[PDB]
Structure formats: structure tokens, C-alpha cells
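For reference, protein06.pdb (PDB, C-alpha atoms (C1' of nucleotides)):
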```pdb
ATOM      1  CA  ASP A 134      52.730   0.343  32.854
ATOM      2  CA  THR A 135      52.146  -2.676  30.617
ATOM      3  CA  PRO A 136      51.729  -2.263  26.850
ATOM      4  CA  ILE A 137      48.254  -1.307  25.621
ATOM      5  CA  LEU A 138      47.470  -0.845  21.928
ATOM      6  CA  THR A 139      44.925   1.854  21.084
ATOM      7  CA  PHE A 140      41.785   1.394  18.987
ATOM      8  CA  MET A 141      39.137   3.703  17.527
ATOM      9  CA  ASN A 142      35.698   2.104  17.236
ATOM     10  CA  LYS A 143      32.873   3.622  15.129
ATOM     11  CA  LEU A 144      34.592   4.146  11.907
ATOM     12  CA  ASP A 145      31.207   3.670  10.222
ATOM     13  CA  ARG A 146      29.827   7.158  11.156
ATOM     14  CA  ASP A 147      31.446  10.590  11.639
ATOM     15  CA  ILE A 148      33.820  11.468  14.452
ATOM     16  CA  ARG A 149      34.884  14.509  16.578
ATOM     17  CA  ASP A 150      38.632  14.555  15.366
ATOM     18  CA  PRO A 151      41.922  12.613  15.045
ATOM     19  CA  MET A 152      44.053  15.605  16.081
ATOM     20  CA  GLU A 153      43.038  16.664  19.600
ATOM     21  CA  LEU A 154      42.339  12.966  20.078
ATOM     22  CA  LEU A 155      45.520  11.196  21.072
ATOM     23  CA  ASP A 156      46.479  14.689  22.305
ATOM     24  CA  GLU A 157      44.643  14.263  25.641
ATOM     25  CA  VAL A 158      46.716  11.230  26.477
ATOM     26  CA  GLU A 159      49.675  13.633  26.729
ATOM     27  CA  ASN A 160      48.225  16.026  29.271
ATOM     28  CA  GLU A 161      45.799  13.976  31.343
ATOM     29  CA  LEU A 162      46.732  10.386  30.621
ATOM     30  CA  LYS A 163      50.428  10.981  29.651
ATOM     31  CA  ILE A 164      51.335   8.623  26.749
ATOM     32  CA  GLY A 165      52.665   9.352  23.272
ATOM     33  CA  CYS A 166      50.705   8.329  20.209
ATOM     34  CA  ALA A 167      52.029   6.566  17.134
ATOM     35  CA  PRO A 168      49.481   6.282  14.325
ATOM     36  CA  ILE A 169      50.186   3.243  12.087
ATOM     37  CA  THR A 170      47.197   3.824   9.936
ATOM     38  CA  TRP A 171      44.853   6.772   9.119
ATOM     39  CA  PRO A 172      41.251   7.527   8.200
ATOM     40  CA  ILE A 173      39.792   7.511   4.668
ATOM     41  CA  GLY A 174      36.315   9.057   5.177
ATOM     42  CA  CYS A 175      33.783   8.772   8.027
ATOM     43  CA  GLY A 176      30.054   7.956   7.707
ATOM     44  CA  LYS A 177      28.567   5.952   4.850
ATOM     45  CA  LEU A 178      31.279   7.339   2.541
ATOM     46  CA  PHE A 179      33.705   5.850   5.097
ATOM     47  CA  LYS A 180      36.633   4.194   3.275
ATOM     48  CA  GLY A 181      38.731   2.636   5.943
ATOM     49  CA  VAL A 182      42.246   3.563   7.024
ATOM     50  CA  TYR A 183      45.708   2.908   5.631
ATOM     51  CA  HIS A 184      48.779   1.242   7.136
ATOM     52  CA  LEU A 185      51.947   3.496   7.581
ATOM     53  CA  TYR A 186      54.617   0.829   7.971
ATOM     54  CA  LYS A 187      53.177  -1.085   4.983
ATOM     55  CA  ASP A 188      52.376   1.770   2.625
ATOM     56  CA  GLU A 189      48.982  -0.041   1.604
ATOM     57  CA  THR A 190      45.304   1.111   1.826
ATOM     58  CA  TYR A 191      42.638  -1.221   3.375
ATOM     59  CA  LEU A 192      39.302  -0.955   1.874
ATOM     60  CA  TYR A 193      36.247  -1.682   3.999
ATOM     61  CA  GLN A 194      32.729  -2.572   2.849
ATOM     62  CA  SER A 195      29.259  -1.479   4.021
ATOM     63  CA  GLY A 196      27.360  -3.721   6.462
ATOM     64  CA  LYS A 197      29.519  -6.672   7.500
ATOM     65  CA  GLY A 198      30.722  -8.116  10.785
ATOM     66  CA  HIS A 199      29.786 -11.814  10.884
ATOM     67  CA  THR A 200      31.350 -12.478   7.477
ATOM     68  CA  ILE A 201      34.293  -9.993   7.210
ATOM     69  CA  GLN A 202      33.813  -8.153   3.880
ATOM     70  CA  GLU A 203      36.325  -9.295   1.324
ATOM     71  CA  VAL A 204      39.776  -7.773   1.809
ATOM     72  CA  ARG A 205      41.071  -5.264  -0.783
ATOM     73  CA  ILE A 206      44.517  -3.592  -0.516
ATOM     74  CA  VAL A 207      45.525  -0.713  -2.821
ATOM     75  CA  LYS A 208      49.257  -0.532  -1.797
ATOM     76  CA  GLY A 209      50.501   2.188  -4.174
ATOM     77  CA  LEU A 210      50.202   5.330  -2.008
ATOM     78  CA  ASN A 211      49.283   8.407  -4.042
ATOM     79  CA  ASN A 212      48.896   5.885  -6.867
ATOM     80  CA  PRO A 213      45.767   6.930  -8.922
ATOM     81  CA  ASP A 214      43.802   3.669  -8.439
ATOM     82  CA  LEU A 215      43.711   4.395  -4.681
ATOM     83  CA  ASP A 216      42.788   7.985  -5.449
ATOM     84  CA  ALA A 217      40.165   6.967  -7.988
ATOM     85  CA  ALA A 218      38.549   4.268  -5.775
ATOM     86  CA  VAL A 219      38.653   6.538  -2.709
ATOM     87  CA  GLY A 220      38.171   9.764  -4.690
ATOM     88  CA  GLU A 221      40.896  12.284  -5.695
ATOM     89  CA  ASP A 222      40.317  15.204  -3.290
ATOM     90  CA  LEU A 223      39.748  12.562  -0.656
ATOM     91  CA  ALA A 224      42.630  10.223  -1.550
ATOM     92  CA  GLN A 225      45.249  12.981  -1.584
ATOM     93  CA  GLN A 226      43.018  14.847   0.853
ATOM     94  CA  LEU A 227      43.979  12.453   3.543
ATOM     95  CA  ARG A 228      47.334  12.766   1.748
ATOM     96  CA  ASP A 229      47.518  16.375   2.970
ATOM     97  CA  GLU A 230      45.570  15.443   6.093
ATOM     98  CA  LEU A 231      48.007  12.504   6.488
ATOM     99  CA  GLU A 232      50.788  14.979   6.047
ATOM    100  CA  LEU A 233      49.512  16.422   9.364
ATOM    101  CA  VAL A 234      50.489  13.051  10.826
ATOM    102  CA  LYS A 235      54.110  13.670   9.962
ATOM    103  CA  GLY A 236      53.876  16.499  12.526
ATOM    104  CA  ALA A 237      52.356  16.318  16.033
ATOM    105  CA  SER A 238      53.087  12.522  16.640
ATOM    106  CA  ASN A 239      55.947   9.932  16.678
ATOM    107  CA  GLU A 240      56.897   6.866  14.660
ATOM    108  CA  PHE A 241      56.597   3.310  15.966
ATOM    109  CA  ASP A 242      59.115   2.214  18.583
ATOM    110  CA  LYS A 243      58.914  -1.390  19.787
ATOM    111  CA  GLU A 244      61.211  -0.689  22.789
ATOM    112  CA  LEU A 245      59.403   2.430  24.158
ATOM    113  CA  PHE A 246      56.110   0.595  23.569
ATOM    114  CA  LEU A 247      56.979  -1.925  26.309
ATOM    115  CA  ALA A 248      59.461   0.181  28.278
ATOM    116  CA  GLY A 249      56.265   1.850  29.470
ATOM    117  CA  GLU A 250      55.623   5.368  28.200
ATOM    118  CA  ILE A 251      53.967   4.858  24.823
ATOM    119  CA  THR A 252      51.193   3.073  23.044
ATOM    120  CA  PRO A 253      50.604   1.680  19.626
ATOM    121  CA  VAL A 254      47.599   3.259  18.163
ATOM    122  CA  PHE A 255      45.082   1.293  15.965
ATOM    123  CA  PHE A 256      42.129   2.654  13.996
ATOM    124  CA  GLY A 257      38.986   0.771  12.989
ATOM    125  CA  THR A 258      35.459  -0.362  13.865
ATOM    126  CA  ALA A 259      34.574  -3.808  15.125
ATOM    127  CA  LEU A 260      30.959  -3.802  14.021
ATOM    128  CA  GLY A 261      32.689  -3.633  10.677
ATOM    129  CA  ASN A 262      35.361  -6.304  11.051
ATOM    130  CA  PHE A 263      37.411  -3.669   9.245
ATOM    131  CA  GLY A 264      40.131  -2.705  11.699
ATOM    132  CA  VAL A 265      40.331  -5.706  13.896
TER     133      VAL A 265
ATOM    134  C1'   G B   1     -40.596 -13.577   1.135
ATOM    135  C1'   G B   2     -37.178 -14.979   6.705
ATOM    136  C1'   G B   3     -39.609  -9.997   9.677
ATOM    137  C1'   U B   4     -45.205  -7.807   9.537
ATOM    138  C1'   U B   5     -50.022  -6.719   8.064
ATOM    139  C1'   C B   6     -56.069 -11.993   6.163
ATOM    140  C1'   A B   7     -58.396 -16.736   7.394
ATOM    141  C1'   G B   8     -56.619 -22.030  11.273
ATOM    142  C1'   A B   9     -54.940 -22.821  15.556
ATOM    143  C1'   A B  10     -52.131 -22.529  20.624
ATOM    144  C1'   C B  11     -50.410 -19.993  25.578
ATOM    145  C1'   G B  12     -49.830 -16.105  28.870
ATOM    146  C1'   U B  13     -53.764 -12.376  29.089
ATOM    147  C1'   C B  14     -58.306  -8.830  29.458
ATOM    148  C1'   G B  15     -63.376  -9.327  28.429
ATOM    149  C1'   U B  16     -69.636 -12.672  31.533
ATOM    150  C1'   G B  17     -69.793 -13.546  26.184
ATOM    151  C1'   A B  18     -68.598 -12.991  20.934
ATOM    152  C1'   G B  19     -63.779 -11.851  20.900
ATOM    153  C1'   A B  20     -59.415  -9.055  21.611
ATOM    154  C1'   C B  21     -53.507  -7.058  23.239
ATOM    155  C1'   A B  22     -47.268  -2.799  17.635
ATOM    156  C1'   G B  23     -47.593  -9.564  23.674
ATOM    157  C1'   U B  24     -45.826 -14.253  22.272
ATOM    158  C1'   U B  25     -45.950 -19.354  18.675
ATOM    159  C1'   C B  26     -46.173 -22.751  14.180
ATOM    160  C1'   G B  27     -48.611 -22.779   9.760
ATOM    161  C1'   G B  28     -49.898 -19.602   5.228
ATOM    162  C1'   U B  29     -50.845 -18.291  -3.973
ATOM    163  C1'   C B  30     -44.614 -12.396  -5.320
ATOM    164  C1'   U B  31     -49.120 -11.893 -11.845
ATOM    165  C1'   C B  32     -44.618 -16.049 -19.495
ATOM    166  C1'   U B  33     -45.010 -11.199 -24.143
ATOM    167  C1'   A B  34     -41.558  -3.777 -23.102
ATOM    168  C1'   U B  35     -45.521   0.463 -26.814
ATOM    169  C1'   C B  36     -42.888   5.512 -25.110
ATOM    170  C1'   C B  37     -38.320   8.043 -22.602
ATOM    171  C1'   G B  38     -33.560   5.812 -20.598
ATOM    172  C1'   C B  39     -29.496   2.173 -21.171
ATOM    173  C1'   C B  40     -26.127  -2.117 -23.822
ATOM    174  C1'   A B  41     -24.908  -3.325 -28.053
ATOM    175  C1'   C B  42     -26.043  -4.067 -33.762
ATOM    176  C1'   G B  43     -27.590  -2.801 -38.170
ATOM    177  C1'   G B  44     -30.592  -0.226 -42.612
ATOM    178  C1'   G B  45     -31.509   5.151 -45.056
ATOM    179  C1'   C B  46     -29.349  10.073 -46.519
ATOM    180  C1'   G B  47     -26.035  13.279 -45.922
ATOM    181  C1'   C B  48     -20.052  15.156 -45.614
ATOM    182  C1'   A B  49     -21.259  21.525 -51.760
ATOM    183  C1'   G B  50     -16.985  15.391 -57.905
ATOM    184  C1'   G B  51     -17.316   8.905 -58.540
ATOM    185  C1'   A B  52     -14.146   5.691 -55.839
ATOM    186  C1'   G B  53     -10.630   1.978 -52.686
ATOM    187  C1'   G B  54      -7.877   2.463 -48.584
ATOM    188  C1'   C B  55      -4.806   3.913 -44.873
ATOM    189  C1'   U B  56      -5.666   7.916 -41.249
ATOM    190  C1'   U B  57      -5.413  13.183 -37.808
ATOM    191  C1'   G B  58      -8.329  13.405 -33.190
ATOM    192  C1'   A B  59     -12.206  17.666 -31.307
ATOM    193  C1'   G B  60     -14.796  15.580 -28.219
ATOM    194  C1'   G B  61     -15.979  10.098 -24.657
ATOM    195  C1'   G B  62     -14.772   6.500 -22.157
ATOM    196  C1'   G B  63     -10.923   3.051 -19.327
ATOM    197  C1'   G B  64      -7.479   2.690 -15.219
ATOM    198  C1'   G B  65      -5.296   4.917 -10.802
ATOM    199  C1'   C B  66      -4.736   0.769  -5.195
ATOM    200  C1'   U B  67      -1.803  -1.113  -1.075
ATOM    201  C1'   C B  68       1.436  -4.604   2.427
ATOM    202  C1'   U B  69       5.635  -7.178   4.132
ATOM    203  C1'   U B  70      10.869  -7.918   4.141
ATOM    204  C1'   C B  71      15.985  -6.807   3.006
ATOM    205  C1'   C B  72      19.844  -2.364   2.119
ATOM    206  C1'   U B  73      21.329   1.940   4.047
ATOM    207  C1'   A B  74      21.721   1.362   9.675
ATOM    208  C1'   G B  75      22.073  -0.585  14.800
ATOM    209  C1'   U B  76      23.941   5.205  12.172
ATOM    210  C1'   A B  77      20.914  11.367  13.051
ATOM    211  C1'   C B  78      18.605  11.138  18.148
ATOM    212  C1'   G B  79      19.053   8.358  23.056
ATOM    213  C1'   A B  80      21.765   7.405  29.751
ATOM    214  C1'   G B  81      19.214   2.627  28.069
TER     215        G B  81
END
```

Please, can you express the file's structure as C-alpha cells?
Amino acid sequence: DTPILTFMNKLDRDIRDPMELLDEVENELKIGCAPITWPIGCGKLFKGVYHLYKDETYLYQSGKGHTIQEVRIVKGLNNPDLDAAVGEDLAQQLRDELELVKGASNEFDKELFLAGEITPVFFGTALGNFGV
RNA sequence: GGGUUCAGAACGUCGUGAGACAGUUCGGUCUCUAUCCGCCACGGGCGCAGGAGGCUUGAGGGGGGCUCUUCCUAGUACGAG
């Protein structure tokens, strides 16, 4: 029952779904999920994730793994610039979709993380360098 | 004018012989002047329902259209690999 952070590879293309996801580790596996960062578009239009304990959006770039694409952080949450660079609908879309995160999962607990029972959950794709 | 299709001449060859065999072999004169149609271009004559100097519309003609590699999407639809 030793710690074990979670990771979601393949953030370059589309995906089945962040909801029922971590949800099978509660029935079969048996471990609570604590999302520290969420999606911002799958596929080519992919736009990375966003940290929850840092309130700041990471912006990924197309094609890049050997030379990590420059890093760009748009802190300001619903702040327009984020919305504009990641698209309105989309930027507050996740906003409403992110709202879904407020309900159906927990926050981040350092002590339950090790005390065996939970797992920190990370999101990102290696082939991208974005999310490592 | 290399192949073949004139003389020489040579072998295999058939013919007694002269000779001969879409059998071989080496050798062997390709004719300065475009009149008429055509065609490439270039003028001179008259005409365009007044003399002129220009700049012009464009019916109708012509010209030209070709293709390869590699990178990005994207190691992603797809695929167990």
C-alpha cells in the first residue's frame, strides 16, 4: 500500500472520459482520486491541463518531446487571456466541466496519500513532455 | 549508307563444268540552282463609302499546362504488433 501517483498518457489525441475514469479505482481497484489538474482539449486542438493547487494553466505545444516545448503559464483562472488563448466556450467550458471536478472527487491530502488508501492523480502525455 | 540487292575475291557447299545457295566474309560513285501548291518569316499595291498623326477594342489564332523528394500535422483515425 505504498504511494503511487496517477498519470494519463495520450493527451495528444481524444480520450474515452475523465469521469468514469478514476471511478473504477473505487469499485475494482479501491482508491480515491484527487485531480490536481484538468484537461483543456483533446486531439490536435489539445491545450494541456491546469493545476488546481496553483490556479495556473499550462500550455502545451504540438510535436515536441526531445526539446520540451517552451513553457507558458496563464495563471489567472477565468481570466480572459486564458479564455482567449484556449477559446471562450472551451476555457470556461472546462470551467463548467471543471466545476464537475468539485463534485465526485476529493481534494489533495498528503497524509491519506501515504497512509495508504489514496493516490495523487496527474494528467499529461509523455510523448509531449507536457505533463511530466 | 552500317544491313541488302552489280562487278573482285574467299570458305563451307551443290554442280563433271561454266557457275550457283533470302548460307556465310572483307571490299565497293547518295546527282551545287525550288517554277507550282504547302510552310517560316518580310515587304510593295489598293482597299476600310472625308485628308491625316497616334494611341487602341479584340472577333477570330497561336503559346503554355508537367512532376519528385523531404519536413508539419502524426507516431494520431486504423492496428495485438

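Using only C-alpha atoms (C1' of nucleotides), we find that the part of chain A lying within 10 Å of chain B comprises residues 143, 145, 146, 147, 176, 177, 195, 196 and 260 of chain A.
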
Exactly which residues make up the result of the PyMOL selection byres ((chain B and resi 1-14) around 8) on this file, given as a PDB file with C-alpha atoms (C1' of nucleotides), keeping the file's coordinate frame?
```pdb
ATOM      1  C1'   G B  15     -63.376  -9.327  28.429  1.00  0.00           C
ATOM      2  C1'   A B  20     -59.415  -9.055  21.611  1.00  0.00           C
ATOM      3  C1'   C B  21     -53.507  -7.058  23.239  1.00  0.00           C
ATOM      4  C1'   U B  24     -45.826 -14.253  22.272  1.00  0.00           C
ATOM      5  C1'   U B  25     -45.950 -19.354  18.675  1.00  0.00           C
ATOM      6  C1'   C B  30     -44.614 -12.396  -5.320  1.00  0.00           C
TER       7        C B  30
END
```

Residue contacts of residue A:258 (7 Å, all atoms listed in the file) excluding same-chain residues fewer than 3 positions away, as a ChimeraX atom specification: /A:141-145,261-264

Could you please take those selected residues and save C-alpha atoms as a short mmCIF file (atom, residue, chain, number, x, y, z; two decimals), in the frame of the given file?
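As written to disk, selection.cif reads:
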```cif
data_model
loop_
_atom_site.label_atom_id
_atom_site.label_comp_id
_atom_site.auth_asym_id
_atom_site.auth_seq_id
_atom_site.Cartn_x
_atom_site.Cartn_y
_atom_site.Cartn_z
CA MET A 141 39.14 3.70 17.53
CA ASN A 142 35.70 2.10 17.24
CA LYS A 143 32.87 3.62 15.13
CA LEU A 144 34.59 4.15 11.91
CA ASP A 145 31.21 3.67 10.22
CA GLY A 261 32.69 -3.63 10.68
CA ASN A 262 35.36 -6.30 11.05
CA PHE A 263 37.41 -3.67 9.24
CA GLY A 264 40.13 -2.70 11.70
#
```

One-decimal distance in Å that lies between atom CA of residue A:257 and atom CA of residue A:212: 22.8 Å

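Nearest-residue note for residue A:241: choosing from A:192, A:178, A:138, A:173, the minimum distance belongs to A:138, counting all atoms listed in the file.
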
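Here the question is which of A:239, A:234, A:193, A:183 gets nearest to residue A:210 using all atoms listed in the file, and that residue is A:183.
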
Interatomic distance, atom CA of residue A:243 to atom CA of residue A:140 (Å, one decimal): 17.4 Å

Between atom CA of residue A:157 and atom CA of residue A:182, distance in Å (one decimal): 21.6 Å

Kindly list the centre and edge lengths in Å, rounded to one decimal, for the axis-aligned box that covers all listed atoms of stretch 204-212 of chain A plus 6 Å on each of its six sides, as lines of an AutoDock Vina configuration file.
```
center_x = 45.1
center_y = 0.3
center_z = -2.5
size_x = 22.7
size_y = 28.2
size_z = 20.7
```

Selection dump of the PyMOL selection byres ((chain A and resi 250) around 10), as a PyMOL selection string: chain A and resi 134-136+163-166+244-249+251-252
